[PDB]
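Take 180 as the starting number for the sequence shown in the authors' numbering and just add one per residue.
Report on the following structure.
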Amino acid sequence: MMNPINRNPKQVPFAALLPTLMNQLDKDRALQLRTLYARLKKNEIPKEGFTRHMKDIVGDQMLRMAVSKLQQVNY
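In structure tokens form, the structure reads like this:
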């Protein structure tokens, strides 16, 4: 407590999630993700929509694993 250290959580961007996921996805799935991102860029779908849709493509398990590896932090 002599020298308190403040730490804050950090999250990786979706931009870095695409290539990681695309590498773990088949070309057909990767193409779906690619066009899905385009929808996000065009703002035709909400961020929640993007996340939800992404989960439907890679899966919740892959989604949490992808960010876990990118974060590379157990906690």
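Just so you know, even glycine gets a beta-carbon here, dropped at the ideal spot from N, CA and C.
What is the DSSP secondary structure of residue i, counted as helix, strand or coil?
{"i": "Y216", "result": "helix"}
{"i": "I236", "result": "helix"}
{"i": "residue 170", "result": "In this structure the chain extends from 180 to 254, so residue 170 is not present and cannot be described."}
{"i": "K221", "result": "coil"}
{"i": "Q250", "result": "helix"}
{"i": "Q190", "result": "coil"}
{"i": "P183", "result": "coil"}
Assign residue i to one of two classes, buried (16 or more other C-beta atoms within 10 Å of its C-beta) or exposed (fewer than that).
{"i": "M233", "result": "buried"}
{"i": "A195", "result": "exposed"}
{"i": "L210", "result": "exposed"}
{"i": "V237", "result": "buried"}
So which of the options has the shortest CA-CA distance to residue i?
{"i": "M244", "options": "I224, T199, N187", "result": "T199"}
{"i": "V191", "options": "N253, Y254, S247", "result": "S247"}
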